[PDB]
file target_7.cif (mmCIF, N, CA and C atoms; chains and numbers go by the auth columns)
data_final
#
loop_
_atom_site.group_PDB
_atom_site.id
_atom_site.type_symbol
_atom_site.label_atom_id
_atom_site.label_comp_id
_atom_site.label_asym_id
_atom_site.label_seq_id
_atom_site.Cartn_x
_atom_site.Cartn_y
_atom_site.Cartn_z
_atom_site.B_iso_or_equiv
_atom_site.auth_seq_id
_atom_site.auth_asym_id
ATOM 1 N N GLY A 1 7.426 -15.825 -11.671 0.00 2 A
ATOM 2 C CA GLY A 1 7.199 -17.258 -11.331 0.00 2 A
ATOM 3 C C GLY A 1 6.198 -17.916 -12.260 0.00 2 A
ATOM 4 N N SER A 2 6.257 -19.241 -12.339 0.00 3 A
ATOM 5 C CA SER A 2 5.312 -20.009 -13.140 0.00 3 A
ATOM 6 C C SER A 2 3.893 -19.816 -12.618 0.00 3 A
ATOM 7 N N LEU A 3 2.899 -20.108 -13.452 0.00 4 A
ATOM 8 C CA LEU A 3 1.510 -19.957 -13.030 0.00 4 A
ATOM 9 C C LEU A 3 1.174 -20.867 -11.842 0.00 4 A
ATOM 10 N N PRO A 4 1.617 -22.139 -11.870 0.00 5 A
ATOM 11 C CA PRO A 4 1.344 -22.988 -10.705 0.00 5 A
ATOM 12 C C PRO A 4 1.960 -22.434 -9.421 0.00 5 A
ATOM 13 N N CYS A 5 3.155 -21.860 -9.528 0.00 6 A
ATOM 14 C CA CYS A 5 3.821 -21.269 -8.373 0.00 6 A
ATOM 15 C C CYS A 5 3.004 -20.104 -7.829 0.00 6 A
ATOM 16 N N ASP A 6 2.585 -19.223 -8.730 0.00 7 A
ATOM 17 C CA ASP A 6 1.833 -18.036 -8.352 0.00 7 A
ATOM 18 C C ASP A 6 0.502 -18.413 -7.700 0.00 7 A
ATOM 19 N N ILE A 7 -0.163 -19.423 -8.247 0.00 8 A
ATOM 20 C CA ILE A 7 -1.419 -19.889 -7.675 0.00 8 A
ATOM 21 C C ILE A 7 -1.185 -20.538 -6.311 0.00 8 A
ATOM 22 N N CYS A 8 -0.150 -21.367 -6.205 0.00 9 A
ATOM 23 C CA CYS A 8 0.149 -22.042 -4.947 0.00 9 A
ATOM 24 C C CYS A 8 0.338 -21.036 -3.814 0.00 9 A
ATOM 25 N N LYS A 9 1.070 -19.959 -4.082 0.00 10 A
ATOM 26 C CA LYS A 9 1.333 -18.961 -3.051 0.00 10 A
ATOM 27 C C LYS A 9 0.020 -18.371 -2.545 0.00 10 A
ATOM 28 N N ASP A 10 -0.893 -18.090 -3.469 0.00 11 A
ATOM 29 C CA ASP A 10 -2.217 -17.593 -3.109 0.00 11 A
ATOM 30 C C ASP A 10 -2.946 -18.588 -2.215 0.00 11 A
ATOM 31 N N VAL A 11 -2.997 -19.839 -2.662 0.00 12 A
ATOM 32 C CA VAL A 11 -3.725 -20.889 -1.957 0.00 12 A
ATOM 33 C C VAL A 11 -3.207 -21.101 -0.538 0.00 12 A
ATOM 34 N N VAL A 12 -1.890 -21.204 -0.386 0.00 13 A
ATOM 35 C CA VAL A 12 -1.310 -21.481 0.923 0.00 13 A
ATOM 36 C C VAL A 12 -1.552 -20.316 1.878 0.00 13 A
ATOM 37 N N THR A 13 -1.387 -19.093 1.380 0.00 14 A
ATOM 38 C CA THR A 13 -1.622 -17.899 2.186 0.00 14 A
ATOM 39 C C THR A 13 -3.081 -17.810 2.606 0.00 14 A
ATOM 40 N N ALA A 14 -3.981 -17.963 1.639 0.00 15 A
ATOM 41 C CA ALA A 14 -5.413 -17.904 1.911 0.00 15 A
ATOM 42 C C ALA A 14 -5.821 -18.962 2.928 0.00 15 A
ATOM 43 N N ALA A 15 -5.382 -20.197 2.704 0.00 16 A
ATOM 44 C CA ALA A 15 -5.743 -21.305 3.583 0.00 16 A
ATOM 45 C C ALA A 15 -5.202 -21.083 4.988 0.00 16 A
ATOM 46 N N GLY A 16 -3.969 -20.596 5.075 0.00 17 A
ATOM 47 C CA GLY A 16 -3.340 -20.343 6.357 0.00 17 A
ATOM 48 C C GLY A 16 -4.055 -19.261 7.134 0.00 17 A
ATOM 49 N N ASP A 17 -4.321 -18.136 6.478 0.00 18 A
ATOM 50 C CA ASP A 17 -5.004 -17.023 7.125 0.00 18 A
ATOM 51 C C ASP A 17 -6.401 -17.421 7.588 0.00 18 A
ATOM 52 N N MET A 18 -7.119 -18.166 6.753 0.00 19 A
ATOM 53 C CA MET A 18 -8.473 -18.577 7.100 0.00 19 A
ATOM 54 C C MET A 18 -8.482 -19.576 8.257 0.00 19 A
ATOM 55 N N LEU A 19 -7.490 -20.461 8.308 0.00 20 A
ATOM 56 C CA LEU A 19 -7.393 -21.402 9.422 0.00 20 A
ATOM 57 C C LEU A 19 -7.082 -20.665 10.721 0.00 20 A
ATOM 58 N N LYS A 20 -6.250 -19.635 10.632 0.00 21 A
ATOM 59 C CA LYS A 20 -5.904 -18.834 11.801 0.00 21 A
ATOM 60 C C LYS A 20 -7.117 -18.055 12.312 0.00 21 A
ATOM 61 N N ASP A 21 -8.135 -17.922 11.463 0.00 22 A
ATOM 62 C CA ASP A 21 -9.410 -17.330 11.861 0.00 22 A
ATOM 63 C C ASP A 21 -10.440 -18.415 12.187 0.00 22 A
ATOM 64 N N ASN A 22 -9.958 -19.646 12.348 0.00 23 A
ATOM 65 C CA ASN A 22 -10.798 -20.796 12.687 0.00 23 A
ATOM 66 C C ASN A 22 -11.890 -21.076 11.653 0.00 23 A
ATOM 67 N N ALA A 23 -11.628 -20.723 10.398 0.00 24 A
ATOM 68 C CA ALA A 23 -12.529 -21.095 9.314 0.00 24 A
ATOM 69 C C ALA A 23 -12.524 -22.609 9.167 0.00 24 A
ATOM 70 N N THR A 24 -13.628 -23.165 8.684 0.00 25 A
ATOM 71 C CA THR A 24 -13.701 -24.598 8.436 0.00 25 A
ATOM 72 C C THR A 24 -13.043 -24.905 7.104 0.00 25 A
ATOM 73 N N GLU A 25 -12.598 -26.145 6.941 0.00 26 A
ATOM 74 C CA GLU A 25 -11.929 -26.557 5.716 0.00 26 A
ATOM 75 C C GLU A 25 -12.865 -26.448 4.519 0.00 26 A
ATOM 76 N N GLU A 26 -14.151 -26.695 4.752 0.00 27 A
ATOM 77 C CA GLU A 26 -15.153 -26.580 3.698 0.00 27 A
ATOM 78 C C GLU A 26 -15.251 -25.142 3.208 0.00 27 A
ATOM 79 N N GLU A 27 -15.292 -24.205 4.150 0.00 28 A
ATOM 80 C CA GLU A 27 -15.360 -22.784 3.824 0.00 28 A
ATOM 81 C C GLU A 27 -14.110 -22.355 3.064 0.00 28 A
ATOM 82 N N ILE A 28 -12.966 -22.915 3.447 0.00 29 A
ATOM 83 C CA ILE A 28 -11.718 -22.596 2.767 0.00 29 A
ATOM 84 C C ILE A 28 -11.807 -23.048 1.311 0.00 29 A
ATOM 85 N N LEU A 29 -12.332 -24.248 1.088 0.00 30 A
ATOM 86 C CA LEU A 29 -12.494 -24.755 -0.269 0.00 30 A
ATOM 87 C C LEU A 29 -13.407 -23.830 -1.083 0.00 30 A
ATOM 88 N N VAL A 30 -14.511 -23.399 -0.478 0.00 31 A
ATOM 89 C CA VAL A 30 -15.467 -22.509 -1.138 0.00 31 A
ATOM 90 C C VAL A 30 -14.819 -21.189 -1.555 0.00 31 A
ATOM 91 N N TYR A 31 -14.050 -20.602 -0.646 0.00 32 A
ATOM 92 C CA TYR A 31 -13.313 -19.369 -0.919 0.00 32 A
ATOM 93 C C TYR A 31 -12.345 -19.524 -2.098 0.00 32 A
ATOM 94 N N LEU A 32 -11.563 -20.599 -2.084 0.00 33 A
ATOM 95 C CA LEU A 32 -10.538 -20.792 -3.105 0.00 33 A
ATOM 96 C C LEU A 32 -11.167 -21.114 -4.452 0.00 33 A
ATOM 97 N N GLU A 33 -12.274 -21.846 -4.427 0.00 34 A
ATOM 98 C CA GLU A 33 -13.015 -22.132 -5.646 0.00 34 A
ATOM 99 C C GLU A 33 -13.513 -20.854 -6.304 0.00 34 A
ATOM 100 N N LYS A 34 -13.971 -19.913 -5.486 0.00 35 A
ATOM 101 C CA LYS A 34 -14.424 -18.625 -5.995 0.00 35 A
ATOM 102 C C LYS A 34 -13.286 -17.932 -6.738 0.00 35 A
ATOM 103 N N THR A 35 -12.106 -17.918 -6.121 0.00 36 A
ATOM 104 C CA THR A 35 -10.928 -17.318 -6.736 0.00 36 A
ATOM 105 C C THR A 35 -10.676 -17.951 -8.093 0.00 36 A
ATOM 106 N N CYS A 36 -10.691 -19.281 -8.137 0.00 37 A
ATOM 107 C CA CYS A 36 -10.466 -19.997 -9.386 0.00 37 A
ATOM 108 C C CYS A 36 -11.468 -19.549 -10.441 0.00 37 A
ATOM 109 N N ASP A 37 -12.730 -19.442 -10.037 0.00 38 A
ATOM 110 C CA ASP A 37 -13.814 -19.088 -10.952 0.00 38 A
ATOM 111 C C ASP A 37 -13.748 -17.642 -11.449 0.00 38 A
ATOM 112 N N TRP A 38 -13.063 -16.780 -10.702 0.00 39 A
ATOM 113 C CA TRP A 38 -12.965 -15.369 -11.065 0.00 39 A
ATOM 114 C C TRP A 38 -11.766 -15.073 -11.965 0.00 39 A
ATOM 115 N N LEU A 39 -10.810 -15.997 -12.054 0.00 40 A
ATOM 116 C CA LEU A 39 -9.627 -15.745 -12.875 0.00 40 A
ATOM 117 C C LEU A 39 -10.060 -15.506 -14.324 0.00 40 A
ATOM 118 N N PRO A 40 -9.427 -14.529 -14.999 0.00 41 A
ATOM 119 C CA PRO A 40 -9.976 -13.981 -16.247 0.00 41 A
ATOM 120 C C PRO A 40 -9.831 -14.861 -17.488 0.00 41 A
ATOM 121 N N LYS A 41 -8.997 -15.897 -17.439 0.00 42 A
ATOM 122 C CA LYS A 41 -8.797 -16.774 -18.595 0.00 42 A
ATOM 123 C C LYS A 41 -9.078 -18.235 -18.242 0.00 42 A
ATOM 124 N N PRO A 42 -9.687 -18.992 -19.177 0.00 43 A
ATOM 125 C CA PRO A 42 -10.033 -20.391 -18.887 0.00 43 A
ATOM 126 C C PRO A 42 -8.858 -21.250 -18.415 0.00 43 A
ATOM 127 N N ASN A 43 -7.666 -21.025 -18.957 0.00 44 A
ATOM 128 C CA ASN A 43 -6.518 -21.844 -18.582 0.00 44 A
ATOM 129 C C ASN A 43 -6.083 -21.559 -17.147 0.00 44 A
ATOM 130 N N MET A 44 -6.253 -20.312 -16.713 0.00 45 A
ATOM 131 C CA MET A 44 -5.945 -19.929 -15.338 0.00 45 A
ATOM 132 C C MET A 44 -6.935 -20.562 -14.365 0.00 45 A
ATOM 133 N N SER A 45 -8.223 -20.464 -14.685 0.00 46 A
ATOM 134 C CA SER A 45 -9.260 -21.096 -13.877 0.00 46 A
ATOM 135 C C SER A 45 -9.012 -22.595 -13.762 0.00 46 A
ATOM 136 N N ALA A 46 -8.734 -23.237 -14.895 0.00 47 A
ATOM 137 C CA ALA A 46 -8.506 -24.677 -14.929 0.00 47 A
ATOM 138 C C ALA A 46 -7.302 -25.084 -14.084 0.00 47 A
ATOM 139 N N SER A 47 -6.194 -24.368 -14.243 0.00 48 A
ATOM 140 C CA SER A 47 -4.987 -24.651 -13.469 0.00 48 A
ATOM 141 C C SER A 47 -5.244 -24.457 -11.980 0.00 48 A
ATOM 142 N N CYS A 48 -5.973 -23.398 -11.649 0.00 49 A
ATOM 143 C CA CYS A 48 -6.331 -23.125 -10.265 0.00 49 A
ATOM 144 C C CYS A 48 -7.146 -24.276 -9.667 0.00 49 A
ATOM 145 N N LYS A 49 -8.168 -24.724 -10.394 0.00 50 A
ATOM 146 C CA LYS A 49 -9.035 -25.790 -9.906 0.00 50 A
ATOM 147 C C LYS A 49 -8.263 -27.093 -9.707 0.00 50 A
ATOM 148 N N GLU A 50 -7.366 -27.400 -10.638 0.00 51 A
ATOM 149 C CA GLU A 50 -6.574 -28.621 -10.557 0.00 51 A
ATOM 150 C C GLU A 50 -5.629 -28.570 -9.362 0.00 51 A
ATOM 151 N N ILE A 51 -5.072 -27.393 -9.100 0.00 52 A
ATOM 152 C CA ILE A 51 -4.170 -27.216 -7.971 0.00 52 A
ATOM 153 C C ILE A 51 -4.940 -27.323 -6.659 0.00 52 A
ATOM 154 N N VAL A 52 -6.102 -26.685 -6.590 0.00 53 A
ATOM 155 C CA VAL A 52 -6.908 -26.733 -5.376 0.00 53 A
ATOM 156 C C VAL A 52 -7.366 -28.160 -5.084 0.00 53 A
ATOM 157 N N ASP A 53 -7.873 -28.844 -6.101 0.00 54 A
ATOM 158 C CA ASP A 53 -8.363 -30.205 -5.917 0.00 54 A
ATOM 159 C C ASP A 53 -7.234 -31.192 -5.592 0.00 54 A
ATOM 160 N N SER A 54 -6.047 -30.970 -6.153 0.00 55 A
ATOM 161 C CA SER A 54 -4.926 -31.891 -5.954 0.00 55 A
ATOM 162 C C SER A 54 -4.182 -31.654 -4.644 0.00 55 A
ATOM 163 N N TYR A 55 -3.970 -30.384 -4.305 0.00 56 A
ATOM 164 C CA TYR A 55 -3.017 -30.030 -3.256 0.00 56 A
ATOM 165 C C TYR A 55 -3.615 -29.404 -2.001 0.00 56 A
ATOM 166 N N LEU A 56 -4.818 -28.842 -2.080 0.00 57 A
ATOM 167 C CA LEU A 56 -5.384 -28.195 -0.901 0.00 57 A
ATOM 168 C C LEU A 56 -5.433 -29.149 0.297 0.00 57 A
ATOM 169 N N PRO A 57 -5.799 -30.425 0.076 0.00 58 A
ATOM 170 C CA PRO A 57 -5.868 -31.320 1.239 0.00 58 A
ATOM 171 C C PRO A 57 -4.559 -31.424 2.022 0.00 58 A
ATOM 172 N N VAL A 58 -3.449 -31.672 1.334 0.00 59 A
ATOM 173 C CA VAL A 58 -2.174 -31.824 2.021 0.00 59 A
ATOM 174 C C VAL A 58 -1.674 -30.462 2.511 0.00 59 A
ATOM 175 N N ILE A 59 -2.022 -29.398 1.794 0.00 60 A
ATOM 176 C CA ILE A 59 -1.654 -28.051 2.226 0.00 60 A
ATOM 177 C C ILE A 59 -2.291 -27.751 3.581 0.00 60 A
ATOM 178 N N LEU A 60 -3.551 -28.141 3.749 0.00 61 A
ATOM 179 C CA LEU A 60 -4.231 -27.952 5.026 0.00 61 A
ATOM 180 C C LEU A 60 -3.539 -28.750 6.132 0.00 61 A
ATOM 181 N N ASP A 61 -3.127 -29.972 5.814 0.00 62 A
ATOM 182 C CA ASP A 61 -2.410 -30.814 6.771 0.00 62 A
ATOM 183 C C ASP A 61 -1.089 -30.186 7.176 0.00 62 A
ATOM 184 N N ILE A 62 -0.396 -29.614 6.197 0.00 63 A
ATOM 185 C CA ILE A 62 0.909 -29.003 6.425 0.00 63 A
ATOM 186 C C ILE A 62 0.772 -27.765 7.317 0.00 63 A
ATOM 187 N N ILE A 63 -0.237 -26.942 7.048 0.00 64 A
ATOM 188 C CA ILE A 63 -0.479 -25.746 7.845 0.00 64 A
ATOM 189 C C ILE A 63 -0.879 -26.121 9.270 0.00 64 A
ATOM 190 N N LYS A 64 -1.740 -27.123 9.404 0.00 65 A
ATOM 191 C CA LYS A 64 -2.115 -27.629 10.721 0.00 65 A
ATOM 192 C C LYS A 64 -0.891 -28.196 11.436 0.00 65 A
ATOM 193 N N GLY A 65 0.089 -28.636 10.651 0.00 66 A
ATOM 194 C CA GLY A 65 1.342 -29.141 11.184 0.00 66 A
ATOM 195 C C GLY A 65 2.322 -28.042 11.569 0.00 66 A
ATOM 196 N N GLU A 66 1.858 -26.792 11.499 0.00 67 A
ATOM 197 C CA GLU A 66 2.573 -25.590 11.963 0.00 67 A
ATOM 198 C C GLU A 66 3.603 -25.060 10.956 0.00 67 A
ATOM 199 N N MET A 67 3.360 -25.325 9.677 0.00 68 A
ATOM 200 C CA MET A 67 4.216 -24.842 8.598 0.00 68 A
ATOM 201 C C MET A 67 3.361 -24.107 7.564 0.00 68 A
ATOM 202 N N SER A 68 3.442 -22.776 7.547 0.00 69 A
ATOM 203 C CA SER A 68 2.524 -21.960 6.743 0.00 69 A
ATOM 204 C C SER A 68 3.187 -20.943 5.808 0.00 69 A
ATOM 205 N N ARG A 69 4.513 -20.967 5.712 0.00 70 A
ATOM 206 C CA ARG A 69 5.218 -20.077 4.787 0.00 70 A
ATOM 207 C C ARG A 69 4.882 -20.443 3.341 0.00 70 A
ATOM 208 N N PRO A 70 4.243 -19.522 2.591 0.00 71 A
ATOM 209 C CA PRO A 70 3.777 -19.863 1.239 0.00 71 A
ATOM 210 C C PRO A 70 4.886 -20.344 0.311 0.00 71 A
ATOM 211 N N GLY A 71 5.972 -19.584 0.226 0.00 72 A
ATOM 212 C CA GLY A 71 7.064 -19.914 -0.672 0.00 72 A
ATOM 213 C C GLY A 71 7.664 -21.266 -0.349 0.00 72 A
ATOM 214 N N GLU A 72 7.830 -21.545 0.938 0.00 73 A
ATOM 215 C CA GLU A 72 8.417 -22.806 1.360 0.00 73 A
ATOM 216 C C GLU A 72 7.498 -23.985 1.069 0.00 73 A
ATOM 217 N N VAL A 73 6.238 -23.875 1.485 0.00 74 A
ATOM 218 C CA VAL A 73 5.273 -24.949 1.256 0.00 74 A
ATOM 219 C C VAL A 73 5.188 -25.259 -0.234 0.00 74 A
ATOM 220 N N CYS A 74 5.119 -24.221 -1.058 0.00 75 A
ATOM 221 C CA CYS A 74 4.953 -24.418 -2.493 0.00 75 A
ATOM 222 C C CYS A 74 6.199 -25.012 -3.151 0.00 75 A
ATOM 223 N N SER A 75 7.379 -24.606 -2.693 0.00 76 A
ATOM 224 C CA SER A 75 8.625 -25.151 -3.229 0.00 76 A
ATOM 225 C C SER A 75 8.744 -26.633 -2.904 0.00 76 A
ATOM 226 N N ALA A 76 8.326 -26.997 -1.697 0.00 77 A
ATOM 227 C CA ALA A 76 8.352 -28.388 -1.266 0.00 77 A
ATOM 228 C C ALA A 76 7.479 -29.257 -2.162 0.00 77 A
ATOM 229 N N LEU A 77 6.284 -28.767 -2.473 0.00 78 A
ATOM 230 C CA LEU A 77 5.354 -29.513 -3.315 0.00 78 A
ATOM 231 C C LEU A 77 5.719 -29.407 -4.800 0.00 78 A
ATOM 232 N N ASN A 78 6.841 -28.752 -5.091 0.00 79 A
ATOM 233 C CA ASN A 78 7.367 -28.627 -6.455 0.00 79 A
ATOM 234 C C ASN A 78 6.488 -27.775 -7.360 0.00 79 A
ATOM 235 N N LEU A 79 5.667 -26.922 -6.759 0.00 80 A
ATOM 236 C CA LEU A 79 4.863 -25.985 -7.530 0.00 80 A
ATOM 237 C C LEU A 79 5.671 -24.717 -7.784 0.00 80 A
ATOM 238 N N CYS A 80 6.656 -24.477 -6.920 0.00 81 A
ATOM 239 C CA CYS A 80 7.622 -23.400 -7.103 0.00 81 A
ATOM 240 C C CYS A 80 9.028 -23.982 -7.223 0.00 81 A
ATOM 241 N N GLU A 81 9.919 -23.251 -7.886 0.00 82 A
ATOM 242 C CA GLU A 81 11.298 -23.694 -8.055 0.00 82 A
ATOM 243 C C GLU A 81 12.022 -23.751 -6.715 0.00 82 A
#

call {"tool": "encode", "arguments": {"input": "target_7.cif", "output": "structure tokens"}}
result
Amino acid sequence: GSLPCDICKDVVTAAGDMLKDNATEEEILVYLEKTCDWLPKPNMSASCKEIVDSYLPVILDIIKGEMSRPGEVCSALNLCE
């Protein structure tokens, strides 16, 4: 899969699991930012940050809306084919 697709799957899964543990949205952002910062290449970190900043908000809304399948959520947002 494309890099945006691969990152999206991570983000949606992470956000979903953390919400199911009643994590706060702020904490979720902090967690995902860490992931972005740990990625081994600058282009990966950059793509991760852009995806988190652009899509995490609506992803949280979608999961709260009872839709948490990573592949499906990401395909809908056109991050996956």

call {"tool": "select_by_dssp", "arguments": {"input": "target_7.cif", "residues": "chain A", "states": "alpha helix (DSSP H)", "output": "ChimeraX atom specification"}}
result
/A:4-21,26-39,43-65,71-77

call {"tool": "closest_residue", "arguments": {"input": "target_7.cif", "among": "A:10, A:50, A:70, A:65", "to": "residue 31 in chain A", "atoms": "only C-alpha atoms"}}
result
A:50

call {"tool": "axis_aligned_box", "arguments": {"input": "target_7.cif", "around": "range 55-71 of chain A", "padding_each_side": "3 Å", "output": "AutoDock Vina command-line options"}}
result
--center_x -0.4 --center_y -25.7 --center_z 2.9 --size_x 17.3 --size_y 18.4 --size_z 24.1

call {"tool": "atom_distance", "arguments": {"input": "target_7.cif", "atom1": "atom N of residue 12 in chain A", "atom2": "atom N of residue 43 in chain A"}}
result
17.8 Å

call {"tool": "atom_distance", "arguments": {"input": "target_7.cif", "atom1": "CA of residue 24 in chain A", "atom2": "CA of residue 41 in chain A"}}
result
26.7 Å

call {"tool": "decode", "arguments": {"input": "target_7.cif", "residues": "range 42-64 of chain A", "atoms": "N, CA and C atoms", "output": "PDB file, in the first residue's frame"}}
result
ATOM      1  N   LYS A  42      12.628   8.198   8.648  1.00  0.00           N
ATOM      2  CA  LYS A  42      12.994   9.106   7.558  1.00  0.00           C
ATOM      3  C   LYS A  42      12.164  10.391   7.598  1.00  0.00           C
ATOM      4  N   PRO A  43      12.788  11.541   7.277  1.00  0.00           N
ATOM      5  CA  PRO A  43      12.066  12.820   7.344  1.00  0.00           C
ATOM      6  C   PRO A  43      10.769  12.857   6.534  1.00  0.00           C
ATOM      7  N   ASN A  44      10.740  12.210   5.374  1.00  0.00           N
ATOM      8  CA  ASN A  44       9.547  12.250   4.534  1.00  0.00           C
ATOM      9  C   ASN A  44       8.402  11.465   5.169  1.00  0.00           C
ATOM     10  N   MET A  45       8.741  10.399   5.890  1.00  0.00           N
ATOM     11  CA  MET A  45       7.746   9.608   6.607  1.00  0.00           C
ATOM     12  C   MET A  45       7.164  10.399   7.774  1.00  0.00           C
ATOM     13  N   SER A  46       8.038  11.021   8.561  1.00  0.00           N
ATOM     14  CA  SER A  46       7.602  11.873   9.663  1.00  0.00           C
ATOM     15  C   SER A  46       6.693  12.985   9.154  1.00  0.00           C
ATOM     16  N   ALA A  47       7.117  13.651   8.082  1.00  0.00           N
ATOM     17  CA  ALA A  47       6.358  14.757   7.511  1.00  0.00           C
ATOM     18  C   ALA A  47       4.980  14.315   7.028  1.00  0.00           C
ATOM     19  N   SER A  48       4.933  13.207   6.295  1.00  0.00           N
ATOM     20  CA  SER A  48       3.666  12.676   5.798  1.00  0.00           C
ATOM     21  C   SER A  48       2.752  12.292   6.956  1.00  0.00           C
ATOM     22  N   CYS A  49       3.335  11.683   7.981  1.00  0.00           N
ATOM     23  CA  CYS A  49       2.584  11.307   9.169  1.00  0.00           C
ATOM     24  C   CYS A  49       1.960  12.536   9.839  1.00  0.00           C
ATOM     25  N   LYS A  50       2.762  13.581  10.035  1.00  0.00           N
ATOM     26  CA  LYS A  50       2.284  14.789  10.698  1.00  0.00           C
ATOM     27  C   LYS A  50       1.166  15.460   9.903  1.00  0.00           C
ATOM     28  N   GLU A  51       1.314  15.494   8.583  1.00  0.00           N
ATOM     29  CA  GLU A  51       0.315  16.114   7.722  1.00  0.00           C
ATOM     30  C   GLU A  51      -0.993  15.332   7.767  1.00  0.00           C
ATOM     31  N   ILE A  52      -0.887  14.009   7.825  1.00  0.00           N
ATOM     32  CA  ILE A  52      -2.066  13.158   7.894  1.00  0.00           C
ATOM     33  C   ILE A  52      -2.755  13.320   9.244  1.00  0.00           C
ATOM     34  N   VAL A  53      -1.976  13.337  10.320  1.00  0.00           N
ATOM     35  CA  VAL A  53      -2.547  13.491  11.652  1.00  0.00           C
ATOM     36  C   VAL A  53      -3.234  14.846  11.796  1.00  0.00           C
ATOM     37  N   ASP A  54      -2.559  15.905  11.367  1.00  0.00           N
ATOM     38  CA  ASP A  54      -3.118  17.246  11.486  1.00  0.00           C
ATOM     39  C   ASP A  54      -4.345  17.448  10.586  1.00  0.00           C
ATOM     40  N   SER A  55      -4.357  16.810   9.418  1.00  0.00           N
ATOM     41  CA  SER A  55      -5.454  16.990   8.464  1.00  0.00           C
ATOM     42  C   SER A  55      -6.668  16.123   8.778  1.00  0.00           C
ATOM     43  N   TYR A  56      -6.420  14.873   9.163  1.00  0.00           N
ATOM     44  CA  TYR A  56      -7.477  13.866   9.193  1.00  0.00           C
ATOM     45  C   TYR A  56      -7.856  13.341  10.573  1.00  0.00           C
ATOM     46  N   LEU A  57      -6.982  13.477  11.568  1.00  0.00           N
ATOM     47  CA  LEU A  57      -7.307  12.936  12.884  1.00  0.00           C
ATOM     48  C   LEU A  57      -8.640  13.484  13.405  1.00  0.00           C
ATOM     49  N   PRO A  58      -8.910  14.787  13.205  1.00  0.00           N
ATOM     50  CA  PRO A  58     -10.179  15.304  13.735  1.00  0.00           C
ATOM     51  C   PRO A  58     -11.415  14.570  13.215  1.00  0.00           C
ATOM     52  N   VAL A  59     -11.520  14.394  11.902  1.00  0.00           N
ATOM     53  CA  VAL A  59     -12.690  13.739  11.336  1.00  0.00           C
ATOM     54  C   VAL A  59     -12.642  12.235  11.624  1.00  0.00           C
ATOM     55  N   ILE A  60     -11.440  11.677  11.723  1.00  0.00           N
ATOM     56  CA  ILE A  60     -11.296  10.265  12.070  1.00  0.00           C
ATOM     57  C   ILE A  60     -11.886  10.011  13.455  1.00  0.00           C
ATOM     58  N   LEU A  61     -11.623  10.916  14.392  1.00  0.00           N
ATOM     59  CA  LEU A  61     -12.187  10.794  15.733  1.00  0.00           C
ATOM     60  C   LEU A  61     -13.714  10.869  15.688  1.00  0.00           C
ATOM     61  N   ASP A  62     -14.240  11.769  14.864  1.00  0.00           N
ATOM     62  CA  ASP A  62     -15.687  11.904  14.697  1.00  0.00           C
ATOM     63  C   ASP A  62     -16.297  10.636  14.129  1.00  0.00           C
ATOM     64  N   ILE A  63     -15.604  10.042  13.163  1.00  0.00           N
ATOM     65  CA  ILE A  63     -16.080   8.838  12.493  1.00  0.00           C
ATOM     66  C   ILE A  63     -16.105   7.657  13.470  1.00  0.00           C
ATOM     67  N   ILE A  64     -15.053   7.521  14.271  1.00  0.00           N
ATOM     68  CA  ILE A  64     -14.978   6.450  15.257  1.00  0.00           C
ATOM     69  C   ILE A  64     -16.048   6.630  16.331  1.00  0.00           C
TER      70      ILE A  64
END
